[PDB]
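The next block is upload-v9.cif, given as mmCIF, C-alpha atoms and all ligand atoms.
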```cif
data_my_file
loop_
_atom_site.label_atom_id
_atom_site.label_comp_id
_atom_site.auth_asym_id
_atom_site.auth_seq_id
_atom_site.Cartn_x
_atom_site.Cartn_y
_atom_site.Cartn_z
CA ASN S 458 32.52 -8.74 -13.32
CA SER S 459 29.92 -9.90 -10.82
CA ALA S 460 30.76 -6.91 -8.62
CA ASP S 461 29.69 -4.23 -11.11
CA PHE S 462 26.66 -6.14 -12.36
CA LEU S 463 25.04 -5.40 -9.01
CA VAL S 464 25.38 -1.68 -9.69
CA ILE S 465 24.09 -2.29 -13.22
CA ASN S 466 20.98 -4.02 -11.90
CA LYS S 467 20.64 -1.18 -9.40
CA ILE S 468 20.62 1.38 -12.21
CA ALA S 469 18.11 -0.72 -14.13
CA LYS S 470 15.71 -0.86 -11.19
CA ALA S 471 16.21 2.82 -10.34
CA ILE S 472 15.28 3.76 -13.90
CA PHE S 473 12.33 1.37 -13.88
CA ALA S 474 11.07 3.12 -10.73
CA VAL S 475 10.49 6.38 -12.63
CA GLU S 476 6.78 7.05 -12.96
CA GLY S 477 6.15 6.99 -16.68
CA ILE S 478 8.66 4.26 -17.51
CA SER S 479 7.75 0.72 -18.49
CA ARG S 480 10.02 -1.97 -19.92
CA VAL S 481 13.58 -1.06 -19.12
CA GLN S 482 15.90 -3.55 -20.82
CA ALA S 483 19.43 -4.21 -19.57
CA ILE S 484 21.96 -7.03 -19.42
CA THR S 485 20.74 -8.12 -15.98
CA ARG S 486 17.18 -7.85 -17.34
CA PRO S 487 17.46 -8.69 -21.03
CA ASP S 488 13.73 -8.61 -21.73
CA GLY S 489 12.29 -6.12 -19.26
CA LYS S 490 11.82 -9.12 -16.88
CA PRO S 491 14.49 -10.01 -14.31
CA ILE S 492 16.74 -12.97 -15.02
CA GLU S 493 15.37 -16.20 -13.60
CA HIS S 494 17.32 -18.09 -10.93
CA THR S 495 19.08 -14.97 -9.64
CA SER S 496 16.56 -14.03 -6.94
CA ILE S 497 16.95 -14.22 -3.16
CA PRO S 498 16.29 -17.99 -2.72
CA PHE S 499 18.82 -18.86 -5.44
CA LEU S 500 21.72 -17.22 -3.63
CA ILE S 501 20.68 -19.18 -0.53
CA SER S 502 21.04 -22.63 -2.11
CA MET S 669 12.98 -29.52 3.45
CA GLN S 670 14.08 -29.30 -0.17
CA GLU S 671 10.80 -29.75 -2.05
CA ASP S 672 9.44 -26.85 0.00
CA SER S 673 12.50 -24.72 -0.79
CA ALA S 674 12.01 -25.50 -4.48
CA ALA S 675 8.55 -24.01 -3.90
CA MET S 676 10.05 -20.77 -2.60
CA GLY S 677 12.30 -20.82 -5.65
CA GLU S 678 9.33 -20.88 -8.03
CA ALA S 679 7.29 -18.41 -5.98
CA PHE S 680 10.12 -15.89 -6.25
CA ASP S 681 10.32 -16.48 -10.02
CA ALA S 682 6.58 -16.64 -10.73
CA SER S 683 6.40 -13.07 -9.35
CA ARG S 684 9.48 -11.94 -11.32
CA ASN S 685 10.82 -10.61 -8.02
CA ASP S 686 14.02 -8.58 -8.33
CA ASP S 687 14.79 -7.44 -4.77
CA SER S 688 17.89 -9.64 -4.96
CA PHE S 689 20.30 -10.53 -7.75
CA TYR S 690 23.69 -12.22 -7.84
CA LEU S 691 24.43 -13.81 -11.24
CA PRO S 692 27.59 -15.83 -10.36
CA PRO S 693 30.93 -14.81 -11.91
CA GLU S 694 31.18 -17.96 -13.99
CA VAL S 695 28.43 -16.85 -16.37
CA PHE S 696 30.79 -14.48 -18.21
CA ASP S 697 32.29 -17.55 -19.91
CA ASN S 698 28.97 -19.13 -20.90
CA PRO S 699 28.68 -19.05 -24.71
CA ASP S 700 24.92 -18.48 -24.42
CA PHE S 701 25.73 -15.16 -22.73
CA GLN S 702 28.25 -13.46 -25.00
CA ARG S 703 25.85 -12.57 -27.81
CA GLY S 704 23.77 -10.59 -25.31
CA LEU S 705 26.78 -9.25 -23.44
CA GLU S 706 28.10 -7.74 -26.67
CA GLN S 707 24.78 -5.99 -27.30
CA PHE S 708 24.72 -4.29 -23.90
CA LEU S 709 28.31 -3.77 -22.75
CA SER S 710 31.01 -2.01 -24.71
CA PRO S 711 33.50 -4.27 -26.52
CA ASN G 458 -0.98 -18.49 -3.94
CA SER G 459 2.54 -17.89 -2.68
CA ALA G 460 3.54 -16.17 -5.92
CA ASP G 461 0.92 -13.41 -5.87
CA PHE G 462 1.39 -12.69 -2.16
CA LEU G 463 4.83 -11.29 -2.97
CA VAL G 464 3.15 -8.76 -5.24
CA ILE G 465 0.51 -8.08 -2.59
CA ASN G 466 3.22 -7.30 -0.06
CA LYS G 467 4.97 -5.16 -2.65
CA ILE G 468 1.79 -3.11 -3.13
CA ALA G 469 1.31 -2.81 0.62
CA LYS G 470 4.85 -1.48 1.08
CA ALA G 471 4.60 0.87 -1.90
CA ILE G 472 1.43 2.36 -0.44
CA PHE G 473 2.86 2.57 3.08
CA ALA G 474 5.72 4.60 1.60
CA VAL G 475 3.41 7.45 0.57
CA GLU G 476 3.92 10.58 2.65
CA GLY G 477 0.94 11.13 4.90
CA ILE G 478 0.04 7.45 4.97
CA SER G 479 0.36 5.57 8.23
CA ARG G 480 -0.97 2.13 9.13
CA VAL G 481 -1.60 0.32 5.87
CA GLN G 482 -3.33 -3.00 6.54
CA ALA G 483 -3.16 -5.97 4.17
CA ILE G 484 -3.32 -9.75 4.34
CA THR G 485 0.48 -9.82 4.47
CA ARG G 486 0.30 -7.15 7.18
CA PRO G 487 -2.87 -7.98 9.05
CA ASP G 488 -2.52 -5.32 11.75
CA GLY G 489 -0.42 -2.66 10.05
CA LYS G 490 2.61 -4.62 11.31
CA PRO G 491 4.25 -7.29 9.13
CA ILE G 492 3.66 -10.98 9.75
CA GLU G 493 6.31 -12.44 12.02
CA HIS G 494 8.60 -15.24 10.80
CA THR G 495 8.58 -13.98 7.19
CA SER G 496 11.72 -11.83 6.97
CA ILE G 497 15.13 -12.91 5.67
CA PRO G 498 16.52 -14.88 8.67
CA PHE G 499 13.59 -17.29 8.19
CA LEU G 500 13.97 -17.78 4.45
CA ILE G 501 17.43 -19.09 5.37
CA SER G 502 15.87 -21.77 7.59
CA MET G 669 24.57 -23.50 15.13
CA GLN G 670 21.16 -21.95 15.74
CA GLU G 671 22.07 -19.67 18.66
CA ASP G 672 23.55 -17.21 16.13
CA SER G 673 20.78 -17.72 13.55
CA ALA G 674 18.08 -17.44 16.23
CA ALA G 675 19.29 -14.09 17.55
CA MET G 676 19.29 -12.83 13.96
CA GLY G 677 15.69 -13.91 13.43
CA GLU G 678 14.75 -12.35 16.77
CA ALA G 679 16.45 -9.07 15.83
CA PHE G 680 14.52 -9.08 12.54
CA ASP G 681 11.26 -9.81 14.38
CA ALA G 682 11.83 -7.15 17.06
CA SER G 683 12.29 -4.50 14.35
CA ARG G 684 9.29 -5.43 12.15
CA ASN G 685 11.74 -5.58 9.26
CA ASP G 686 9.89 -6.60 6.11
CA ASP G 687 12.25 -5.74 3.25
CA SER G 688 12.12 -9.41 2.25
CA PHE G 689 9.06 -11.58 2.71
CA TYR G 690 7.90 -15.14 2.10
CA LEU G 691 4.75 -16.96 3.21
CA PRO G 692 4.80 -20.69 2.38
CA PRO G 693 1.94 -22.36 0.50
CA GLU G 694 1.24 -24.04 3.84
CA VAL G 695 -0.82 -21.06 5.03
CA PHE G 696 -3.73 -21.28 2.57
CA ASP G 697 -4.85 -24.52 4.24
CA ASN G 698 -3.99 -23.33 7.75
CA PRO G 699 -7.44 -23.32 9.40
CA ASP G 700 -6.66 -20.23 11.49
CA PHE G 701 -5.80 -18.13 8.44
CA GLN G 702 -8.97 -18.44 6.39
CA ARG G 703 -10.97 -16.01 8.52
CA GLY G 704 -8.36 -13.38 7.68
CA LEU G 705 -8.02 -14.53 4.10
CA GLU G 706 -11.74 -13.96 3.52
CA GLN G 707 -11.56 -10.36 4.75
CA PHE G 708 -8.81 -9.24 2.39
CA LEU G 709 -9.29 -11.40 -0.71
CA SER G 710 -12.43 -11.79 -2.76
CA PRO G 711 -14.28 -15.09 -2.23
CA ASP G 712 -12.83 -16.30 -5.54
CA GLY G 713 -9.48 -14.67 -4.79
CA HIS G 714 -9.58 -12.41 -7.83
CA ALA G 715 -9.35 -9.17 -5.84
CA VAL G 716 -7.33 -8.11 -2.80
CA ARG G 717 -8.02 -5.04 -0.69
CA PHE G 718 -5.86 -2.81 1.50
CA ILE G 719 -7.13 -0.59 4.32
CA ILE G 720 -5.26 2.70 4.46
CA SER G 721 -5.12 5.27 7.27
CA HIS G 722 -3.86 8.84 7.11
CA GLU G 723 -1.62 10.69 9.54
CA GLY G 724 -3.22 14.08 9.97
CA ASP G 725 -6.68 15.11 8.85
CA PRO G 726 -8.03 12.91 6.04
CA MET G 727 -10.34 15.68 4.82
CA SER G 728 -7.83 18.51 4.68
CA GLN G 729 -6.32 19.83 1.47
CA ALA G 730 -3.39 17.42 1.84
CA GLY G 731 -5.37 14.33 2.77
CA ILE G 732 -7.26 14.86 -0.48
CA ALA G 733 -4.13 15.41 -2.55
CA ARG G 734 -2.89 12.08 -1.18
CA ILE G 735 -5.57 10.10 -3.03
CA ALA G 736 -3.99 10.41 -6.46
CA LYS G 737 -0.66 9.56 -4.86
CA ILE G 738 -2.07 6.39 -3.30
CA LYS G 739 -3.47 5.34 -6.67
CA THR G 740 -0.17 6.09 -8.40
CA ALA G 741 1.83 4.16 -5.81
CA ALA G 742 -0.44 1.14 -6.11
CA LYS G 743 -0.24 1.37 -9.90
CA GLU G 744 3.56 1.53 -10.03
CA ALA G 745 3.79 -1.35 -7.56
CA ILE G 746 2.19 -3.80 -10.01
CA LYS G 747 4.16 -2.50 -13.00
CA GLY G 748 6.28 -5.29 -14.43
CA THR G 749 4.59 -7.97 -12.30
CA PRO G 750 2.05 -10.61 -13.36
CA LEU G 751 -0.66 -8.42 -11.79
CA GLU G 752 0.08 -5.63 -14.26
CA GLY G 753 -3.05 -4.28 -15.89
CA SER G 754 -5.29 -5.02 -12.92
CA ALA G 755 -8.02 -2.53 -12.10
CA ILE G 756 -7.33 -0.31 -9.10
CA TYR G 757 -10.36 0.97 -7.19
CA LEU G 758 -9.93 3.46 -4.35
CA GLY G 759 -12.99 4.14 -2.24
CA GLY G 760 -13.16 5.88 1.08
CA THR G 761 -14.14 9.24 2.47
CA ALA G 762 -11.21 11.41 1.39
CA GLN B 52 -44.78 20.65 5.47
CA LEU B 53 -41.77 21.30 3.25
CA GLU B 54 -39.33 19.67 5.66
CA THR B 55 -41.23 16.37 5.74
CA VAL B 56 -41.09 16.11 1.96
CA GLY B 57 -37.46 17.20 1.99
CA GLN B 58 -36.59 14.46 4.46
CA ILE B 59 -38.55 11.88 2.47
CA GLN B 60 -36.94 12.88 -0.84
CA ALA B 61 -33.32 13.19 0.17
CA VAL B 62 -30.71 12.66 -2.52
CA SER B 63 -27.20 11.23 -2.32
CA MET B 64 -24.23 13.47 -1.56
CA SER B 65 -22.08 12.06 -4.35
CA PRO B 66 -23.04 11.36 -7.97
CA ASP B 67 -23.14 7.91 -9.49
CA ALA B 68 -20.36 8.99 -11.87
CA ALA B 69 -18.00 9.85 -9.04
CA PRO B 70 -15.00 7.49 -9.28
CA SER B 71 -15.12 7.09 -5.51
CA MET B 72 -18.76 6.00 -5.60
CA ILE B 73 -18.03 3.63 -8.48
CA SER B 74 -15.10 2.26 -6.51
CA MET B 75 -17.02 1.86 -3.27
CA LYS B 76 -19.93 0.11 -4.97
CA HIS B 77 -17.55 -2.21 -6.81
CA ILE B 78 -15.57 -3.01 -3.67
CA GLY B 79 -18.75 -3.78 -1.78
CA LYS B 80 -20.08 -5.94 -4.61
CA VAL B 81 -16.93 -7.98 -5.23
CA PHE B 82 -16.65 -8.78 -1.54
CA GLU B 83 -20.39 -9.56 -1.26
CA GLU B 84 -21.03 -6.95 1.40
CA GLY B 85 -23.52 -4.39 0.21
CA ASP B 86 -23.91 -1.61 -2.34
CA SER B 87 -23.75 1.48 -0.13
CA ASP B 88 -21.35 4.22 0.87
CA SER B 89 -22.39 4.44 4.52
CA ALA B 90 -20.27 2.97 7.29
CA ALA B 91 -20.26 3.58 11.03
CA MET B 92 -17.52 2.78 13.54
CA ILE B 93 -18.67 1.27 16.82
CA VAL B 94 -15.81 2.30 19.07
CA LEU B 95 -15.74 0.82 22.55
CA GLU B 96 -13.34 2.43 25.01
CA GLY B 97 -12.39 1.21 28.48
CA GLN B 98 -10.69 3.12 31.28
CA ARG B 99 -8.53 0.01 31.80
CA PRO B 100 -7.21 -2.39 29.14
CA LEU B 101 -10.00 -4.35 27.48
CA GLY B 102 -10.15 -7.90 28.84
CA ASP B 103 -12.21 -11.04 28.36
CA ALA B 104 -15.52 -9.56 29.53
CA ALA B 105 -14.93 -6.88 26.90
CA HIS B 106 -14.51 -9.57 24.25
CA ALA B 107 -17.64 -11.38 25.42
CA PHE B 108 -19.67 -8.17 25.27
CA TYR B 109 -18.15 -7.40 21.86
CA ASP B 110 -19.07 -10.85 20.54
CA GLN B 111 -22.62 -10.36 21.80
CA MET B 112 -22.68 -6.91 20.20
CA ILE B 113 -21.59 -8.07 16.76
CA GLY B 114 -24.06 -10.93 17.04
CA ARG B 115 -26.89 -8.49 17.71
CA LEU B 116 -25.67 -6.23 14.90
CA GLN B 117 -25.35 -8.91 12.22
CA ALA B 118 -28.85 -10.24 12.96
CA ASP B 119 -30.50 -6.99 11.86
CA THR B 120 -30.60 -7.55 8.10
CA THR B 121 -32.70 -4.44 7.44
CA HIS B 122 -30.01 -1.85 8.24
CA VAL B 123 -26.67 -3.58 8.93
CA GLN B 124 -25.30 -4.89 5.65
CA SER B 125 -21.92 -6.19 6.88
CA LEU B 126 -19.17 -5.66 9.41
CA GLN B 127 -15.43 -6.32 9.45
CA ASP B 128 -14.69 -8.10 12.72
CA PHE B 129 -10.88 -7.90 12.84
CA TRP B 130 -11.06 -8.23 16.63
CA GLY B 131 -12.82 -11.54 17.01
CA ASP B 132 -9.93 -13.09 15.09
CA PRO B 133 -6.59 -13.39 16.93
CA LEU B 134 -4.64 -13.11 13.68
CA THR B 135 -5.97 -9.61 12.97
CA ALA B 136 -7.00 -8.72 16.53
CA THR B 137 -4.21 -6.21 17.13
CA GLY B 138 -5.37 -4.34 14.03
CA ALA B 139 -8.52 -3.23 15.83
CA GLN B 140 -6.99 -2.16 19.12
CA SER B 141 -5.11 0.84 20.41
CA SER B 142 -1.45 0.62 21.38
CA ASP B 143 -2.25 0.93 25.08
CA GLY B 144 -5.09 -1.57 24.68
CA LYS B 145 -7.80 0.64 26.14
CA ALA B 146 -9.85 1.03 22.94
CA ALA B 147 -11.11 -1.13 20.09
CA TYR B 148 -13.43 -0.58 17.15
CA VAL B 149 -15.39 -2.31 14.41
CA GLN B 150 -16.61 -0.93 11.10
CA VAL B 151 -20.23 -1.61 10.14
CA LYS B 152 -21.53 -1.11 6.62
CA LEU B 153 -25.01 0.36 6.60
CA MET Q 1 -28.33 44.05 -45.46
CA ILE Q 2 -27.11 46.30 -42.64
CA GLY Q 3 -30.20 48.51 -42.40
CA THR Q 4 -32.42 45.70 -41.17
CA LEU Q 5 -29.95 43.86 -38.95
CA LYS Q 6 -29.69 46.97 -36.77
CA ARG Q 7 -33.35 46.90 -35.84
CA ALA Q 8 -32.84 43.32 -34.62
CA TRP Q 9 -29.44 43.72 -32.99
CA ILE Q 10 -30.73 42.86 -29.51
CA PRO Q 11 -32.11 39.41 -30.43
CA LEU Q 12 -28.96 38.73 -32.47
CA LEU Q 13 -26.69 39.64 -29.55
CA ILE Q 14 -28.85 37.49 -27.29
CA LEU Q 15 -28.51 34.55 -29.68
CA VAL Q 16 -24.73 34.84 -29.89
CA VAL Q 17 -24.39 35.17 -26.10
CA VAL Q 18 -26.71 32.24 -25.43
CA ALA Q 19 -24.90 30.12 -28.03
CA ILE Q 20 -21.43 30.80 -26.63
CA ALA Q 21 -22.69 30.19 -23.09
CA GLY Q 22 -24.48 26.97 -24.03
CA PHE Q 23 -21.47 25.57 -25.83
CA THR Q 24 -19.19 26.43 -22.91
CA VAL Q 25 -21.64 24.86 -20.46
CA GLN Q 26 -22.06 21.63 -22.42
CA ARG Q 27 -18.27 21.51 -22.67
CA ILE Q 28 -17.72 21.97 -18.93
CA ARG Q 29 -20.42 19.41 -18.08
CA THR Q 30 -18.07 16.70 -19.38
CA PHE Q 31 -15.03 17.35 -17.19
CA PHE Q 32 -16.36 15.71 -14.03
CA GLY Q 33 -16.13 11.94 -13.88
CA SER Q 34 -14.65 11.56 -17.37
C1 LIG E 1 -21.22 37.78 -20.11
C2 LIG E 1 -21.57 37.74 -21.60
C3 LIG E 1 -20.95 38.95 -22.30
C4 LIG E 1 -20.88 38.71 -23.81
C5 LIG E 1 -21.23 39.99 -24.58
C6 LIG E 1 -20.17 41.06 -24.35
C7 LIG E 1 -20.56 42.37 -25.02
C8 LIG E 1 -20.51 42.20 -26.54
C9 LIG E 1 -20.66 43.56 -27.21
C10 LIG E 1 -20.89 43.39 -28.71
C11 LIG E 1 -21.50 44.65 -29.30
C12 LIG E 1 -22.42 44.28 -30.46
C13 LIG E 1 -23.66 45.16 -30.44
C14 LIG E 1 -23.60 46.14 -31.60
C15 LIG E 1 -24.66 47.21 -31.41
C16 LIG E 1 -24.93 47.88 -32.75
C17 LIG E 1 -25.89 49.04 -32.53
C18 LIG E 1 -26.87 49.06 -33.69
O1 LIG E 1 -26.78 48.23 -34.53
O2 LIG E 1 -27.88 50.01 -33.78
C19 LIG E 1 -27.55 51.28 -33.31
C20 LIG E 1 -26.73 52.02 -34.36
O3 LIG E 1 -25.80 52.87 -33.74
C21 LIG E 1 -24.51 52.77 -34.26
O4 LIG E 1 -24.13 53.58 -35.04
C22 LIG E 1 -23.59 51.63 -33.83
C23 LIG E 1 -22.67 51.23 -34.98
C24 LIG E 1 -21.41 50.58 -34.42
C25 LIG E 1 -21.59 49.07 -34.30
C26 LIG E 1 -20.21 48.41 -34.31
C27 LIG E 1 -20.17 47.25 -33.32
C28 LIG E 1 -19.08 47.53 -32.30
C29 LIG E 1 -18.61 46.25 -31.62
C30 LIG E 1 -17.96 46.57 -30.28
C31 LIG E 1 -16.89 45.53 -29.97
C32 LIG E 1 -16.94 45.14 -28.49
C33 LIG E 1 -16.84 43.62 -28.40
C34 LIG E 1 -16.42 43.19 -26.99
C35 LIG E 1 -16.31 41.67 -26.95
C36 LIG E 1 -15.82 41.21 -25.58
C37 LIG E 1 -28.84 52.04 -33.05
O5 LIG E 1 -29.92 51.21 -33.37
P1 LIG E 1 -31.36 51.44 -32.60
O6 LIG E 1 -31.29 52.71 -31.79
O7 LIG E 1 -32.46 51.56 -33.63
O8 LIG E 1 -31.70 50.17 -31.61
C38 LIG E 1 -32.24 50.43 -30.35
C39 LIG E 1 -33.66 49.87 -30.24
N1 LIG E 1 -33.62 48.43 -30.15
#
```
Same coordinates, now as structure tokens:
Amino acid sequence: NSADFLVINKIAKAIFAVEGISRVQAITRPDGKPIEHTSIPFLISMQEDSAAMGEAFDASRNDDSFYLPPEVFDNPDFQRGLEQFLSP
Amino acid sequence: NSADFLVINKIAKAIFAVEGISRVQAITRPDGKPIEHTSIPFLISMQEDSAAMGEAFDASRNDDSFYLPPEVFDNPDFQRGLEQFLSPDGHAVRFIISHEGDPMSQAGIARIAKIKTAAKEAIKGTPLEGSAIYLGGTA
Amino acid sequence: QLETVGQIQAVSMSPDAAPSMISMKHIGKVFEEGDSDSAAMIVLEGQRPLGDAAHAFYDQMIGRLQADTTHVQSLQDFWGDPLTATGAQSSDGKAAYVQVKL
Amino acid sequence: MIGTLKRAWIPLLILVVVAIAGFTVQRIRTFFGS
């Protein structure tokens, strides 16, 4: 559920913040890089400049915010990775 | 560019969070205090409730979130500060760090490795990863 | 006398292999501001908050300092620029400073 | 032979001391900077 994926991303970042750790890989971060289009300007959405903020927050792989809407759990492109990371 | 200023602000914060460090000074923090109009109530920009929020985030120097539009690299009153902190070809940024107590004590000298480690872990996982980190000074 | 030769032939305090000396030389080179380790801090303090005459005198001072190419290699203004001005000024406003690379 | 190495035990001890010291010194000379 979208409620517990916030805690999952929190655990991922808290583990990544350990000193000798590089490349933590989780469902909210399936390649050591945060999921695109989940950052802070993508939970917000004069428009071409906001699309610039959108790409500035993804060209830095920023992860200070993350939502991942609850209608991605039914996307078929998600289940093959959701079965690798979460229990059946 | 707007993308690599997020990482610059991330490094500035990660250094400012070291123990005996006070007053870190970066391009995204030109006087040890964050740039106004860059926190979260301005990324969201009826208004009288969204103006008081922006004014409460500007009166607290809150800089958890940060954005500086690409409209500031051509701002003619920003280049004299952009030349001080970024290399003339933009390939290197510099931060000016101050200590709390005595820089040349036994603790102000043990803080040097910690500054380097903080700056190194700040660029981990970002497009600036692998950059060279040089720390000069007197401590 | 021995002291004259000792003052002529003075040697650096830090080795060339010191990571801090490497770092300081590299920082000075990349920013096109000299290859030294020396740096002085011209502090100017006023018994009352520094005003416009203070800024005029400070502008004159940095002008006189930059002109001497023989000894002054650079200086970070930070006070002649309103964007960074408050970064070179005390909280009460009675003191300001400027770093000069020698 | 043991009979002749105990008329030259002082230069031998000096050699072994100088060798150990020189190796330790050239080893410690490398720590700084690195
Ligand atoms: C800061 C550096 C310190 C490093 C060195 C620490 C000390 C090391 C001590 C090693 C001792 C080796 C010297 C052995 C002396 C052997 C004496 C000898 O060969 O001749 C004497 C023979 O007398 C004996 O019977 C001695 C036979 C016993 C030798 C056995 C060696 C004992 C080793 C002691 C181990 C201590 C090692 C400590 C290491 C930390 C008499 O000869 P001479 O009167 O004609 O010579 C004088 C004129 N030049």
Within 6 Å of ligand LIG 1 (chain E), counting all atoms listed in the file: which residues, as a ChimeraX atom specification?
/Q:6-7,9,17
Counting all atoms listed in the file, which residues from chain G have an atom at most 9 Å from any atom of chain B, and could you show them as a list in words?
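In the required form, that comes to residues 482, 486, 487, 488, 489, 490, 700, 701, 703, 704, 706, 707, 708, 709, 710, 711, 714, 715, 717, 756, 757, 758, 759, 760 and 761 of chain G.
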For a test of reading the model, state the distance in Å between atom CA of residue 124 of chain B and atom CA of residue 726 of chain G, rounded to one decimal.
24.8 Å
Can you tell me how far atom CA of residue 686 of chain G sits from atom CA of residue 751 of chain G, in Å to one decimal?
20.9 Å
Leaving out residue 492 of chain S and any residue of its chain fewer than 6 positions from it, which residues lie within 12 Å of it when counting all atoms listed in the file, given as an mmCIF file with C-alpha atoms, in the frame of the given file?
```cif
data_model
loop_
_atom_site.group_PDB
_atom_site.id
_atom_site.type_symbol
_atom_site.label_atom_id
_atom_site.label_comp_id
_atom_site.auth_asym_id
_atom_site.auth_seq_id
_atom_site.Cartn_x
_atom_site.Cartn_y
_atom_site.Cartn_z
ATOM 1 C CA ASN S 466 20.980 -4.020 -11.900
ATOM 2 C CA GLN S 482 15.900 -3.550 -20.820
ATOM 3 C CA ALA S 483 19.430 -4.210 -19.570
ATOM 4 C CA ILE S 484 21.960 -7.030 -19.420
ATOM 5 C CA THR S 485 20.740 -8.120 -15.980
ATOM 6 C CA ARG S 486 17.180 -7.850 -17.340
ATOM 7 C CA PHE S 499 18.820 -18.860 -5.440
ATOM 8 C CA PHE S 680 10.120 -15.890 -6.250
ATOM 9 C CA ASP S 681 10.320 -16.480 -10.020
ATOM 10 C CA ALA S 682 6.580 -16.640 -10.730
ATOM 11 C CA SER S 683 6.400 -13.070 -9.350
ATOM 12 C CA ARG S 684 9.480 -11.940 -11.320
ATOM 13 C CA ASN S 685 10.820 -10.610 -8.020
ATOM 14 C CA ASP S 686 14.020 -8.580 -8.330
ATOM 15 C CA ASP S 687 14.790 -7.440 -4.770
ATOM 16 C CA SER S 688 17.890 -9.640 -4.960
ATOM 17 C CA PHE S 689 20.300 -10.530 -7.750
ATOM 18 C CA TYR S 690 23.690 -12.220 -7.840
ATOM 19 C CA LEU S 691 24.430 -13.810 -11.240
#
```
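Distance annotation: of G:753, G:699, G:692, G:748, the residue with the minimal separation from residue 491 of chain S is G:748; atom set is all atoms listed in the file.
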Polymer residues at most 10 Å from residue 675 of chain S, all atoms listed in the file, same-chain spacing of 2 or more positions, as JSON, numbers by chain:
{"S": [498, 670, 671, 672, 673, 677, 678, 679, 680, 681], "G": [459, 460, 692, 693]}
Enclose the full set of atoms of segment 111-114 of chain B listed in the file within a box whose edges lie along x, y and z, apply 6 Å of padding to each of the six sides, and report centre and edge lengths in Å to one decimal as JSON.
```
{"center_x": -22.8, "center_y": -8.9, "center_z": 19.3, "size_x": 14.5, "size_y": 16.0, "size_z": 17.0}
```
In Å to one decimal, how far is atom CA of residue 724 of chain G from atom CA of residue 92 of chain B?
18.6 Å
Please determine the contact residues of chain Q with respect to chain B at a cut-off of 10 Å, counting only C-alpha atoms, and supply them as a VMD selection string.
chain Q and resid 32 to 34
Return the neighbours of chain S among the residues of chain G, cut-off 9 Å, counting all atoms listed in the file, as a PyMOL selection string.
chain G and resi 458-464+500-501+687-688+690-693+740+744+747-751
Would you mind exporting C-alpha atoms of the selected residues as a tab-separated table (two decimals), in the frame of the given file?
```tsv
chain	number	residue	atom	x	y	z
G	458	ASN	CA	-0.98	-18.49	-3.94
G	459	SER	CA	2.54	-17.89	-2.68
G	460	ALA	CA	3.54	-16.17	-5.92
G	461	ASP	CA	0.92	-13.41	-5.87
G	462	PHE	CA	1.39	-12.69	-2.16
G	463	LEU	CA	4.83	-11.29	-2.97
G	464	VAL	CA	3.15	-8.76	-5.24
G	500	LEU	CA	13.97	-17.78	4.45
G	501	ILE	CA	17.43	-19.09	5.37
G	687	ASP	CA	12.25	-5.74	3.25
G	688	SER	CA	12.12	-9.41	2.25
G	690	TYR	CA	7.90	-15.14	2.10
G	691	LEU	CA	4.75	-16.96	3.21
G	692	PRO	CA	4.80	-20.69	2.38
G	693	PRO	CA	1.94	-22.36	0.50
G	740	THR	CA	-0.17	6.09	-8.40
G	744	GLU	CA	3.56	1.53	-10.03
G	747	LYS	CA	4.16	-2.50	-13.00
G	748	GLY	CA	6.28	-5.29	-14.43
G	749	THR	CA	4.59	-7.97	-12.30
G	750	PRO	CA	2.05	-10.61	-13.36
G	751	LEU	CA	-0.66	-8.42	-11.79
```
Got a sec: who's within 12 Å of residue 119 of chain B, counting all atoms listed in the file, leaving out chain neighbours fewer than 6 positions off, as a ChimeraX atom specification?
/B:112-113,125-126,151-153
